[PDB]
């Protein structure tokens, strides 16, 4: 049967560690892919990790980074959570350089985008069988979430972008049932920018928090019901969430302009009027990570908070991050559990190698006691191929 | 229960990409077999990839090619679709230097030929148990399809050749039920040549398109029902399909003599009077690939077509190609979906190495939007062992 | 259904060999983790081996041992009994630098401790889902059994320590049902020290034998029922069991002070008034192993035995050891079978390398004929990375 | 349910090839064990390959050959038929330097011998749980079949030897039900020698053909029913079967003395008064292999035969060989199908390396057409470690 998804997030007070795979440390000698943009998604029986490779093994001459990100070699695969991604324990999913995937309670759905920059085509697979395709409508790059899509009562939802990455673009919301596109509307948001949204279900609706890459240092959001009627805005707190960003000060609900261009993919959770914010420690480069709890952050513009918990120290590298949930059909509780993951990037451009890769850690929220520490990557660069 | 196979191919307008394994790029460092003649075949639950190895790993001293193609070391194996063929994730099938395999809805059937050139014997296995054998009837190299066999209502069909490869030969059609040969007739075709046929079922009958290696630059075909009553001919279009071939011009339905003394294994699909033709871009060497749609190509000798879609650019290497289908019991439609695969050869004789190998890509036909691009192999030769 | 565990240990006269994995000999060339503290635990269908890695493969530059034992990289994993632990056949369990795990007849329970030395937090997982946490109550290094926990009628029991490792500490006993902590009491034992206990069920109760690291060369024990009412003492035999230890002489039932101030994790079985003692052959370093049977050892202070059986010679290295049992639901008998395992340490500090690791052997007790021999590790040090 | 085994062998006229794994050719670069004495045994669902390793990978420094054959490192494992034995796809069975195993229709039974030369103890496992042990009764090297044991109606049978290998010894037959020894008698055979027997069931009884290592160049046999009432003799044909052996001449039914004092493990099948003999081509070293059919060979002393089929040429290395069968519950016939396997030894003492290993091929008998060829090993020695 299908995941009902008519429950609310249940209260938490801290986060406990869930997994850590040690990809690069193992990949120094063993056979490990070169990956980027990992993410985690859970069925009603297990949880898996998805990632995007370019066909190259760490510490090999084919890992020379002159291949473009949108190259005809990248693929989407998956391995059980907490394991080093190698060609001997991974499953093939689709051919893509931008992707997402979610499970509706019966079978896996995957979305994968490939093709030239003016004609990219998204291929939708349901249970390993091609079912539908979507073609770019504004002829720039068609890109998608890079994290899990959200399923409620058998239908699964996602958001797509197509247009300039430093100006006004075009935005759409898709509703998918059994691998077939059933309905879609396009957002009417002048002066907003949405990229790489991370969506979660809550009380029968969907909420997504995205990345503003044009003139914003705080984050935008969008929420809609199963009939696609949406609402838009920005997070009104004074604890800015993007990267780069100014210092903490007086926030605002319309785009914040200071240090706005560029960003990193991120997330947040809504609890009434409060908000849990996850952001990097450094205001100019991708270093560190922490979790903040501002009890009036969704609607008030002050810069005062209540609880902070450390995840990675400010001297170590981090990257993308996103959210995922565990349904009651899996965990046996009567509430939706929230979790999240982080990606730790090593290599170019901040270090002197020829490659670039990432590993992951992930946490899940609880109500009992917790502690704050630092769980960095720990690889010792440069490798043999670099010398 | 068994696959009924009493339905027709359903309409398509383009092809979408399905898989890509990146064999050689990974095999530069990891442990990957040296393979040739890959092909794909699907059961009622999954799809697998079959291939022929010589017992050697890539980038090793045993990969030197002083070994004949018909050697006592080659074997047939299989791995899940879209994965690099390695000894740690492959299944053993049979000992052979020429093979084919299909699934009837209950268990796998495999055919494998081994032995000397004047006494080769084909061993038939059903569910991993030897059941029957066929011995050469003209004491010359015995050979078979090199792609999937076609099953309708439980019975499975295949075509075999035995005789000279530059003159008149002897041809047979076999009907197999549960690994036992039930009926066989030999074709009466003077001035025809059939090798490496690729067969698919359509509306309760079988249609095969083969390779003419004696004096033909276009392709022959044969169709028969479940009682083995056949019909023969050539494709009457003016868009020649073999390789090497002359320039496009006025075609014919009897062997085209110009440039017709060698070839490459290929395929085609029939839609009423039209035809989908898949052929290499270069007229003299194995470079490129494309798909053509000639609405009157099965019976008219005119060189005008309607739609072309690119698969690999003319500057990159390609090779064999064939067809396979996905039954309604697997995909849930009311069709018989068509698909195809391509092999990309790297190494001797066109390059300066000591080995030769191939990887694969595959596509499946749809009715929504698609795009044309190039998905080449991408390995950087020569390897370490060559230096 | 759940393991009843209301039966007694059945009589034995000797031990037969059960498994041997050859970790280091294989790891000289292949890809094998660097592990320590292995242990074995059995469900109602199979038996598995758990271990703690630091994220590094054997014979690699990341195996350089300047990483602390309590580091943010260690993880808990498991592989089938008798196999070399490699990243291609292991399952991820939890992130920890101190752990234990047992199976209640329905699903696996794992406990893992991570965090700083003054705030360590234990995360309890039941069937792969986080359920509860325990935080340190005296702000010193928190630590647990390092071997299997004991389950009787669905409930599972374990013992934890928190405080100085050369003085008085604080001790607790926990009762867990379906991953939730239900009851706990703290031991009142002045002048006792308990670390790394190895517990087994017997006739509906629990008995644990632990390691005294403050002033003891013989071992302490504790026994309790399902309502947590405990009894404490020391093993009253004159065959001392710890390491380092004095020569055999007149034993005591309260701490023996001579050569007491250190130890190694060990075990013992109780049979009425007798006892089976497993200890190293050398009295000052970890070399050798043997099994002793003293028919009045649990309550009498003489030093006279009846049977000795050799496991490893005195010239070879050994280490930790512990106990586990096989329930009637698994083995089909009418009695609880006892078994044990041993760890063989190679590398620093007794040898000139840069790493340290261990492999394992294990035995199970029978009633028929047996033999004594030596089954050492057998690796030839130093490795290539050391040169 | 259990294998009934009340059927007779069904008629055959030739042998068809079944599997070939290519162990050494792959092991030149990949990770492959160093094995000896492989054998094949089939359940009611599949067939597996068992072998004895010493803990070392091919092409590694631990593969030196100063370790004795009876060493504390050897183990018994198994992998699916037709695959290269590697630590990433093998199952652990038992710790032994002499072994056998058979399947009764419900679970696997394995026998493994380990220990010193005057106290070796055999450990019997049924479904992975230790059940019984047998200890040496004459304090000399205890040894067993090295191939599959034979099961009829829920009981499984085997033969064991203990005593000198160049003189009179002591012989026993064991009957095992569910891993427990139920009955045993010792053979009364003056002037006979039995080692490494290969047994198969036929019409409700058991027949074994063994190796005479004291003064025999032809082979002995023994047959018994389910109550252990035996009959003894020698094969009365003039086509000698051992190795070394004299030239073909007039045979005898009592020990043949010429060139008798050594041998190699072998097999034979009985058909009324005929016999199928499998022997090496060279009369002094282990080179080649062939199958002979002497229609009166079981009772007559002439040297004339009818059919010969080649398996390996006389210029290539071979070794041990044995027999196994496929029950009607597996194959679906009304027979008991016969098959066999061969081992191909490479390395010391006939070649200049530091190691020794073997790969395998296997054949199964049919009634249709067949061919004779040569399927040798094909590795190119010496390896890198030898240089």
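For reference, chains read A, B, C and D in written order, and residue numbers begin at 1 within each chain.
The criterion applied here is as follows: contacts are C-beta pairs under 8 Å (C-beta built on N, C-alpha and C of every residue); 3 or more make two chains touch, one makes a residue touch a chain.
Shared contact partners of chain B and chain D, listed by label: none present. Seen from the Cα centre of chain C, the chain whose own Cα centre is farthest off is B. Chains compared, chain A against chain B: the Cα-based superposition rotates one onto the other by 90 degrees, nearest 5.
Separating the centre of chain C from that of chain D, both taken as means of CA atoms, is a distance of 41 Å. Chain B and chain C have centres, each the mean of its CA atoms, that are 58 Å apart.
Residue positions of chain C with contacts to 2 or more other chains are 31, 88. Chain-to-chain contact here is organised cyclically: the chains close a single ring, every chain touching exactly two others.
Taken together, the chains touch in the following pairs: A-B, A-C, B-D, C-D.
Per the touch definition, chain C reaches chain D in the complex via residues 16-22, 25-26, 28-31, 46-47, 80-84, 86, 88-89, 326, 330-332, 364, 366, 368-376, 378-380.
In the complex of the two chains, the chain A residues touching chain B come out as 31, 55-57, 59-62, 72-73, 75, 87-88, 90-92, 95, 114-116, 119-121, 123, 128-130, 132-135.
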